[PDB]
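Asks: In order, the protein sequences belong to chains C and A. Whatever position you read off the first sequence (first residue = 1), add 122 for the authors' numbering. Note that the authors' numbering numbers the second sequence so that position 9 is 9, with each residue one more than the last. Below are the structure tokens for one structure; questions will follow.
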Amino acid sequence: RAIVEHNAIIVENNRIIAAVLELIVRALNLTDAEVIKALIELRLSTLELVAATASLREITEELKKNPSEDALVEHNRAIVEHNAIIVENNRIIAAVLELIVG
Amino acid sequence: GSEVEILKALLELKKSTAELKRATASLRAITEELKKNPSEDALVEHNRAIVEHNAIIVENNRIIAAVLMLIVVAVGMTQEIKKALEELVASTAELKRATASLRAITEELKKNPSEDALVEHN
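Following this line, the structure appears as structure tokens:
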């Protein structure tokens with residue numbers, strides 16, 4: 123349960139960061155094609171992250187209702203895939219910050 | 001000399017290649033079989049360590065062979081160097097003979113400065 127709450131928090135945190143990044147890019151009037159592309163990639167990765175998060179929550183609820191060894195291993199796999207998605211989303215956020223700072 | 005050392009280096013390349021192919025095959029068998037049940041943690045972690053160890057060994061064998069080929073190429077010139085040395089030794093001995101002859105001529109020319117001695121000097 124704590125892991126699921128943590129992932130929900132990460133998703134909200136990255137949504138907020140993507141929004142603040144858009145505010146920064148607009149406030150600084152940046153036109154660099156690389157930052158615009160990075161923002162597009164970020165938006166797409168946040169869509170993937172939200173959908174994966176919803177899938178993880180549903181899987182966790184199904185595990186809770188009918189706990190089993192097979193359901194538990196499927197849930198753990200869902201978590202590994204979710205963490206991989208979070209890592210990709212953080213990579214994109216890092217790329218955007220690198221472009222803003224540098 | 002180098003005729004056998006190089007044959008052994010080729011055998012090494014053959015064996016490290018076969019090792020690489022087999023290590024890769026287990027790399028993949030591991031990914032496909034272990035993702036089926038991630039709870040078998042010891043098996044997947046041990047086999048991944050095995051794969052990394054083999055990959056490192058293969059890379060090291062490649063580098064070692066690359067260095068030994070430089071030693072082998074230096075070795076393969078043994079006969080060319082030996083012949084160059086034989087020529088250099090013969091040249092040194094001839095230079096010594098010419099020097100001794102010139103010294104004797106110098107002494108003869110100074111002691112008895114005949115025109116023939118000047119011709120011999122030149």
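We put the beta carbon where it would ideally sit given N, CA and C, even for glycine.
Is there at least one non-hydrogen atom of the ligand HEM closer than 8 Å to the beta-carbon of residue 153(C)?
Replies: Questions concerning the ligand HEM fall outside what the structure shown contains, since it holds no ligand whatsoever.
Asks: Is it right to say residue 181(C) is buried, meaning 16 or more other beta carbons lie within 10 angstroms of its own, or is it exposed?
Replies: buried
Asks: Please confirm whether residue 160(C) and residue 214(C) have their CB atoms less than 9 Å apart.
Replies: Yes, these two residues count as a Cβ contact at 9 Å.
Asks: Are the stretch 204-214 of chain C and the stretch 42-56 of chain A touching by the rule of at least three beta carbon pairs closer than 8 Å?
Replies: no
Asks: I want to see whether chain A comes within less than 9 Å of residue 202(C), judged by CB atoms only; does it?
Replies: yes
Asks: Express the C-alpha separation of residue 8(A) and residue 198(C) in angstroms, rounding to a whole number.
Replies: 49 Å
Asks: What in chain C is Cβ-close to residue 39(A), meaning under 9 Å?
Replies: 191, 194, 195 and 198
Asks: Rounded to the nearest angstrom, what separates residue 34(A) and residue 26(A) at their Cα positions?
Replies: 11 Å
Asks: Ordered along the chain, which non-local residues of its own chain (more than five positions away) have a Cβ less than 6 Å from that of residue 73(A)?
Replies: none
Asks: CB-CB under 7 Å to residue 105(A), same chain, minus the five flanking residues each way: which ones, in chain order?
Replies: The beta carbon of residue 105(A) lies closer than 7 Å to those of 117, 120 and 121 in the same chain, with the five residues before and after it left out.
Asks: Are at least three pairs of beta-carbons, each pair with one atom in the stretch 6-23 of chain A and one in the stretch 51-66 of chain A, less than 8 Å apart?
Replies: yes
Asks: Taking the alpha-carbon positions, what's the residue 123(A) to residue 1(A) distance?
Replies: Outside the modelled stretch of chain A, which goes from 1 to 122, sits residue 123(A), for which no answer is possible.
Asks: Kindly confirm or deny that the stretch 170-178 of chain C and the stretch 132-142 of chain C touch, where touching means at least three C-beta pairs closer than 8 Å.
Replies: yes
Asks: Once DSSP output is grouped into helix, strand and coil, what is the label at residue 150(C)?
Replies: coil
Asks: Between the stretch 186-197 of chain C and the stretch 139-159 of chain C, are three or more C-beta pairs nearer than 8 Å?
Replies: no
Asks: Under 7 Å Cβ to Cβ from residue 65(A), same chain only, skipping five residues before and after it: list those, please.
Replies: 9, 12 and 13
Asks: Could you spell out where the alpha helix (DSSP H) holding residue 199(C) opens and where it closes?
Replies: 191-223
Asks: So, are the CB atoms of residue 165(C) and residue 140(C) less than 9 Å apart?
Replies: yes
Asks: Here's a check: name, in chain order, each residue in its chain whose Cβ is nearer than 7 Å to the Cβ of residue 81(A), leaving out the five neighbours to either side.
Replies: none
Asks: Use the C-beta contact count for residue 136(C): other C-beta atoms within 10 angstroms, 16 or more gives buried, fewer gives exposed.
Replies: buried
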